[PDB]
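Next up: just one chain, as structure tokens, the form deposited in one PDB entry.
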């Protein structure tokens, strides 16, 4: 047991201009949830306050909003939003222990202070699972244990602040935490709290048609299958297809036989049920995930949806979006995209405005690779897909049929991570002999992409890690693995990580430089979303002319590469219409 004042009230010696602060949201989704406890640690001691009391105090609430009071926490963003929900603001966070651990070694998957502490040999603090538990397991314990815990954390944060910073500084990532991640964290905070408005009525009439649509196919499947079965269980389905209907087994999952859309395109010719199955899956994924899914989570009063961008999960520096995931709304098949029509501004007479990097990930290859061909393609603003098709067929700026392009494109999608001939051949539905025969041609057509791939794999061998434009790391012990396929995975990570990685650094940065301008220019615009390479804003309809310059200007100039980045922008009265 470790002692601390167990406060009933706020003494001012809790308001020192530097403290580790802990603000416990024990709910798994932080949006509008109970704050269960608050521990503060400072030069004057270690204190515990109950939220009810604490949150009422104009003295405390004041200290919180003060950017001159420096706090140190773990996942300030969790506390930030939870507090924004209470109309309380949180400023002057100087060190976030979650973001730090995450830059040191994202693979450790640090989810709580206990994890962060292992890293630096500190152990007088307990995991979350130990105090709370797993599933229907997780519960809020009594104050005695709670106080003890929130303090032990806060204590650790105070303690680990400089051990952590010293390794970042040694690692060459001091300005990644300070200038990049922490600034962004605030920004995501606002974004998640702003929310995006959904048109629940249109979502309702989309679902309405899809059930009638779906009933229909369902029946047809059962008709031609000869019997009923749960189509969704592919274990049950394969039995219908490859046993009772006697069909060729072409691909195979590690368990039994495979029914991935890839195999079905191939089985189509073989029997009329095949395409009915594909239709059924597509229609059903809309309804399950983008109708019943979203509608399950609009906030009923405001009609908005509040995502959580997880700044500290991905192994390569992307963000992720959870519950719901606004980073995978349909856009590819035309009927899918209609969903986007349900994403509307939150103010009458405002517009969604959306801008994105053209080929960001490739452009980064070009810059990191220092291949001449690719650098020139981007500098002359050539349609990079069209130039690719040319180079792999050795043909003209018009002898490119549309199919030669669906092919060139797919290379550019995989050459960002050393795609396998086998792997490629899958997406393209071709013979593996042709897959590598396009690969072969790409490489002699862009042999600076070849070197890089050679080189990066060997730097990974030397250093045990790769890095990115802004010095994010990724360790890769499996690089020297005994085992062909494991060494191989690790070798594509070896080469792809600096690409995904910089691409993400660059946009995270664009977002900071953006908030920065909008705030100076007194503008009403604010970011709603990030989808890996686009930004989505809502602004007053009288503000587009500006954003059309501003947003591209700031995005393009976010960093400086041996290629010019390229941005596209569109705005409409909905997401669908900004395309």
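Positions refer to the first chain, counted from 1. Between two forms, the rigid core is the largest collection of C-alphas that superpose within 1.5 Å.
Absent from the display: the form deposited in another entry. The rest refers to it.
Visitor: Superpose on the core and compare between this form and the one not shown; which one of 219, 260, 485, 429 crosses the 2 Å Cα shift mark?
Guide: Meeting the 2 Å or more criterion is only 429.
Visitor: Take the rigid core as the frame of reference and indicate whether the C-alpha of residue 349 shifts by 2 Å or more between this form and the one not shown.
Guide: Where the cores coincide, residue 349 shows only a C-alpha shift between this form and the one not shown that is less than 2 Å.
Visitor: At a 2 Å cut-off on C-alpha positions, does residue 125 qualify as shifted between this form and the one not shown after fitting the rigid core?
Guide: No, the C-alpha position differs by under 2 Å between this form and the one not shown.
Visitor: Would you say residue 205 moves its Cα by 2 Å or more between this form and the one not shown, aligning on the core?
Guide: Shift of 2 Å or more: no.
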